[PDB]
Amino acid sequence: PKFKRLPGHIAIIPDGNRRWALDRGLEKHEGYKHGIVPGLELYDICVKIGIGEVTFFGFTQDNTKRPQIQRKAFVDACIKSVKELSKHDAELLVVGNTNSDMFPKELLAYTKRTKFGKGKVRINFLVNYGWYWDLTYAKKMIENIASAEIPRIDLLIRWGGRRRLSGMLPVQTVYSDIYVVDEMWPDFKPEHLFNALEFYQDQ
């Protein structure tokens, strides 16, 4: 589909993976592996329509306090997503608290933005991320927040039906238009993104 106006930078909150799994009769931790292909599909659509920058919420510092079986699954799914995007022309950046045992060592290779292939889209991941860590990391202070290499967000899209930011990038979300999909993240469809983009061009 054709759009009159496109956001320069979209933020994604891929919430609802545990509810999705429980609804399918799987264990709570089994939804995250079903969240990988939706991200790659979203990326593909963004390359096709020409979105310049996408930031995914991977996991928060609070999420690390979840049951180990869940953490290992969502961490493994974040690593696989990043690794897979590095094979398909993403310019990748991971932002999160690397001074923590909970930062996945496999993503230390991505903490300075790295072009893969043609670098068709800037893809950012928040991993072991907290708003408070971000702001206090730090007028040099605001330009020096931990997420300073992630620019202002135009459109934030959240799956899972919760209408909240969960502390995603408070500086970059000040003026973001927010679109909520009721379906859980693993039920992602191209129409969810097209509906958010219709909403955005109407603002």
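One rule holds for the numbers: they count along the sequence shown, beginning at 1.
In all of the other compared structures of this protein with flanking residues present, residue 138 is modelled, so it falls below the one-third mark for missing coordinates. According to the PDB entry, the deposited sequence contains 4 to 9 residues between residue 138 and residue 139 that lack coordinates.
The deposited model assigns a higher average Cα B-factor to 82-90 than to the other stretch when 82-90 and 102-110 are compared. Looking at 192-200 and 1-9 together, the entry lists the larger mean B-factor for 1-9, computed on C-alpha atoms.
Across 155, 142, 165, 146, the greatest Cα temperature factor reported in the deposited entry is at 142. Highest C-alpha temperature factor among 45, 178, 174, 150, as the PDB entry reports it: 45. Sorting the modelled residues of the chain by their CA temperature factor places residue 62 in the middle third. In this PDB entry, the Cα temperature factor of residue 170 sits in the bottom third of its chain's modelled residues, the lowest group.
The PDB entry assigns residue 14 a C-alpha temperature factor belonging to the lowest third of its chain's modelled residues. Among all modelled residues in its chain, residue 70 ranks in the middle third by Cα B-factor. The entry lists a Cα temperature factor for residue 77 that places it in the middle third of the chain's modelled residues.
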